[PDB]
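Worksheet: the structure to be examined is printed underneath.
Because only heavy atoms are used, hydrogens play no part in the values below, and waters and symmetry mates are left out as well, while side chains stay in. Just follow the structure's listing: the first ligand is 1, and inside any ligand the first atom is 1. The residues of the chain are indexed from 1 along the displayed sequence.
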Amino acid sequence: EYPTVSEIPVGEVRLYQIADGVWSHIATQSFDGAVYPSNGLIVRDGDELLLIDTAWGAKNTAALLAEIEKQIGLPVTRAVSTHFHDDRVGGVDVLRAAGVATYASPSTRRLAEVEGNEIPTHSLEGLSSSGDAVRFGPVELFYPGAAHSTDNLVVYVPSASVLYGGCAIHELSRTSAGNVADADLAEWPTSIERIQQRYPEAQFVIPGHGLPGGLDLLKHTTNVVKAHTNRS
Ligand SMILES: C[C@H](CS)C(=O)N1CCC[C@@H]1C(=O)O
Ligand SMILES: [Zn+2]
Ligand SMILES: [Zn+2]
Ligand SMILES: [Zn+2]
């Protein structure tokens, strides 16, 4: 029932209810001759919404806001970008123009600036050291250490037992390590271990791309990263 990359035209966004007050948002983009999906999260924050990650670009992110307005009808007041790549910050300007307060760690903001990407307005303190966790309304933000990127955050929704791994966690169907241009391959397995150790009760695990699963996604990611590391 989860929207697959084939069912979503580029420019459109789907919402998927994961649990009470938790949705993923799914968008797509073409890249290098293929089409890829990308997930973010929406978490009900009382009578407001907390958005995790843009929908990968300005056009998708405008479509995301329109779909949230139509399907949920609560204002998106804050957004957190979980790393500095365009599937996480691309569209921050659209959110900002819609009155959403945009947030990211100083590490993400610094890297987004280096990359020339959009830069969230606010800085999330307390996440600079591997293993650091901070509460942000209805979620916990956790910096597990460097993995897919040096700044990657994961997001846990304690009320729903939803672990959003972002692009540090791979869906089961992914056999390669994905875009490793900014990755710390040597630290990625240890960073995954920190996630496993902190959220062993997670019932839903949402990768940054593709289908949700369970905590099995973490061991799968470890295997995929190790296979990439061992490339010959
Ligand atoms: C823009 C994102 C950032 S994780 C990216 O690097 N990639 C490569 C894999 C999926 C997505 C893409 O461009 O297809
Ligand atoms: Zn990325
Ligand atoms: Zn990604
Ligand atoms: Zn596997």
State the atoms of ligand 1, each with its element, that fall below the 4.0 Å cut-off from a heavy-atom position in [X].
X   : result
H85 : 3 (C), 4 (S)
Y36 : 10 (C), 14 (O)
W56 : 1 (C), 11 (C), 12 (C), 13 (O), 14 (O)
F31 : 13 (O), 14 (O)

Name, closest N/O/S atom of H85 to the Zn ion (ligand 2):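 Minimum-distance N/O/S atom of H85 relative to the Zn ion (ligand 2) is ND1.
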Measuring from the Zn ion (ligand 2), name the closest N, O or S atom belonging to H83.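 Restricting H83 to its N, O and S atoms, the minimum distance to the Zn ion (ligand 2) goes to NE2.
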How are the rings of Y103 and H122 set relative to one another: parallel (under 30°), tilted (30 to 60°) or perpendicular (over 60°)?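 The arrangement is parallel - the two ring planes meet at less than 30°.
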On the 0 to 90° scale, with breaks at 30° and 60°, tag the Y156-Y199 ring pair as parallel, tilted or perpendicular.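 Geometry flag for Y199 against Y156: parallel rings.
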Measure from the Zn ion (ligand 3) to each N, O or S atom of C167 and report whether any distance is below 2.8 Å.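 Short answer: yes, at least one N, O or S atom is under the cut-off.
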Do any N/O/S atoms of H209 come under 2.8 Å of the Zn ion (ligand 3)?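 It does: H209 brings an N, O or S atom closer than 2.8 Å to the Zn ion (ligand 3).
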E201 atom CD, over 12 foreign heavy atoms within 6.0 Å: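 Result for CD/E201: enclosed.
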Is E113 atom CD crowded by more than 12 heavy atoms from other residues, nucleotides or ligands, each under 6.0 Å away?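 Atom CD in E113 is not packed in, count stays at 12 or less.
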To the nearest 0.1 Å, how far is atom 3 (C) of ligand 1 from its closest protein heavy atom, and which atom is that?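 Checked against all protein heavy atoms, atom 3 (C) of ligand 1 sits closest to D87 OD1, 3.2 Å.
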If we only consider heavy atoms of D86, is any one of them less than 4.0 Å away from an atom in ligand 1?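 Checking ligand 1 against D86, which is what was asked, there is no heavy-atom contact under 4.0 Å.
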Presence of salt bridge, [Y] and [X], under 4.0 angstrom:
X    : Y    : result
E187 : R194 : yes
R44  : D20  : yes
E140 : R198 : yes

Does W188 have its ring centroid less than 6.0 Å away from the ring centroid of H228?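 Centroid distance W188-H228: not below 6.0 Å, so no.
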Ring centers of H220, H170 separated by less than 6.0 Å: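 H220 vs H170: aromatic centres not under 6.0 Å.
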Among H148, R174, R88, whose heavy atom sits nearest atom 4 (S) of ligand 1?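 It is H148 whose heavy atom sits nearest to atom 4 (S) of ligand 1.
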Who's closest to atom 7 (N) of ligand 1 heavy-atom-wise, of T28, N179, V180?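 That would be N179.
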Using a 4.0 Å heavy-atom cut-off, which part of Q29 comes near ligand 1: side chain, backbone, both, or neither?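 Neither; nothing of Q29 gets under 4.0 Å from ligand 1.
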For the Zn ion (ligand 3), find the closest N/O/S atom on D87 and give its atom name.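 The Zn ion (ligand 3) is closest to the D87 atom OD2, counting only N, O or S.
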